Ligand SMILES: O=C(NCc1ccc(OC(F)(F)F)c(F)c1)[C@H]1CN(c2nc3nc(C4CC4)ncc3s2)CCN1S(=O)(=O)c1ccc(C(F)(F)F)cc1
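The chain below stands alone and is given as structure tokens, in the form deposited without this ligand.
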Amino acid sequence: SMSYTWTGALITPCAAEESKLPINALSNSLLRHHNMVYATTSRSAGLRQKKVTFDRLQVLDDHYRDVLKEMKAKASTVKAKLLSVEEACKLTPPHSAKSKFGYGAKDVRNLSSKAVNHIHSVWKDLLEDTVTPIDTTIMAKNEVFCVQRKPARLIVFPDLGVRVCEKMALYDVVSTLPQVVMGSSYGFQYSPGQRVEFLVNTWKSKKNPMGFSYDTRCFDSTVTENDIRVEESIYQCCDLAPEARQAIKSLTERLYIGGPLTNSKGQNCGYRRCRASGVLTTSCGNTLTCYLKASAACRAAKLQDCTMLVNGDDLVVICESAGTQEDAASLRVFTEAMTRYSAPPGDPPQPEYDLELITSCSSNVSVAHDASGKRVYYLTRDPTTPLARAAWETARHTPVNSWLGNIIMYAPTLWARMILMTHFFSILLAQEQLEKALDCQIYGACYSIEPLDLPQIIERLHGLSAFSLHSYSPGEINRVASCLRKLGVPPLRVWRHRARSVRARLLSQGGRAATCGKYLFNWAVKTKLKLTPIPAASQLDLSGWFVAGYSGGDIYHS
């Protein structure tokens, strides 16, 4: 009933934590108001604990039951396979948190017999014991933001050996099942370009469209033990091997429904009875559970001709409007239904009648034109956090490069082309690291990407128009303007000058480098080059990029 109970032991760091943006000239050239940029630390841990600790009340009705029955039926068409130990090992990130049992990620990846032997014993234990709660660690996340402060987030995860067994038992399931159950409503099957297409068309398919996002207050904590058993029952509808079924049942009872929390120093911090953020089923479980409750809520609210898009706890609904007054009332009913299901709103949802004003996944659809003047929809967001994090990553070394992932996800946008591409390609030129591969996250999963590949990647993901978008919407440009003012970032005038310098230098190098200069920076020059299709675009292995979400699931690809 209580999401968390606490011993009073502190959530402790594992190493010294930085919360301040250090000052050098390179980072300051990006962003002036460095005092607005912070990183959360375990020092705010207790504040987060307050927010996520509460009692959960839950009342199901017929709509909920009908929707679950429909989900299990589609789930019943799925055949999922156990992963071999070696397959599961390959999926482990190179710097994943080491086991407390005397081996690390590299040992796992290397198929060390100490690591493999232990993983066999964990697995055998899972099969033999389906009761004893499995230990987890709780840490405060170190994440960068821009002031107006957010308390750090808490991450909860089992030992490396357990995580590997998770992959063996459930990786196939969480990679295939969600899309089958939810169909087109499953958000992680889309690249950003594809998510725009689905949204734009869904909107155009309605005679008189209304739409809204719905933000659940601290979603992971609103997830009940019943919720977590319900997901398990959905997994079990799959055609599964008997070992898998047994391992899934055990992981569910021992790990997923809850368990003891141990801090960095090995002290017991308390006990969890809600979603864990750092396990393999977090994304799929939250997405299945968010979809089930919202689908039933749509029915309780009698929304007509509903289409949903769900990414974990992030929900957007587009339906037929019944009129402005009736719409307002409908959304209140919807909200009341969600609340009974245990998913109360963080902010009360609001009807929208313009697709571009709907924010989900912190992003929205906007419009611009290609070289031919043709309309083009593209996905964008407020640049603030991406820019704050770019400043941090310029001033410090970090394992994940969010700027790289943002360039890939938001390449069509003004701010990613004008600032991110210009800034970092300038830096890589100086360091002569254009060829060096970097790690970034996509839908939770870690990928190693070569910056010089960006032109092809962008062409594959967004299309050639990504390199010629212009006349952006005034509202979007105003939002970028406000952000640059707030953070103290140079205007288009400055970045155009910088981009021309970077473009020139990339050209003189020829090769893939000249291609980056030609495609990524054609916006910076007054005489435009032609920019035909890049013949290397069609040779890229992007098959697994946008299939499923893995946030917190410890997944690495390629």
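A residue's number is simply how far along the shown sequence it sits, counting from 1. The term rigid core refers to the most C-alpha atoms you can superpose between the two forms while keeping them within 1.5 Å.
One more form of this protein exists, namely the form solved in complex with this ligand; it is left out here, but the text below deals with it.
Annotation: pocket blocked; 3 or more atoms of this ligand, superposed via site C-alphas from its pose in the bound PDB entry, fall within 2.4 angstroms of backbone or C-beta atoms. In the bound PDB entry, every residue of the candidate spot (188, 447 and 457) has a heavy atom lying within 4.5 Å of this ligand. The contact with this ligand in the bound PDB entry, taken as any heavy atom within 4.5 Å, belongs to 409 out of 409, 244, 292, 83. Comment: this ligand is not present in this chain, but in the bound PDB entry one of 105, 379, 210, 146 has a heavy atom within 4.5 Å of it, namely 379. Although the partner is absent here, residue 363 is a contact residue: one of its heavy atoms lies within 4.5 angstroms of this ligand in the bound PDB entry. By the criterion of a heavy atom within 4.5 Å, residue 442 is counted among the residues contacting this ligand in the bound PDB entry. This ligand in the bound PDB entry comes within 4.5 Å of a heavy atom belonging to residue 192. This ligand in the bound PDB entry comes within 4.5 Å of a heavy atom belonging to residue 283. Per the 4.5 Å heavy atom criterion, this ligand in the bound PDB entry is contacted by stretch 192-200, the sole one of 339-347, 222-230, 73-81, 192-200.
After superposing the rigid core, the C-alpha of residue 542 moves by 2 Å or more between the shown form and the other one.
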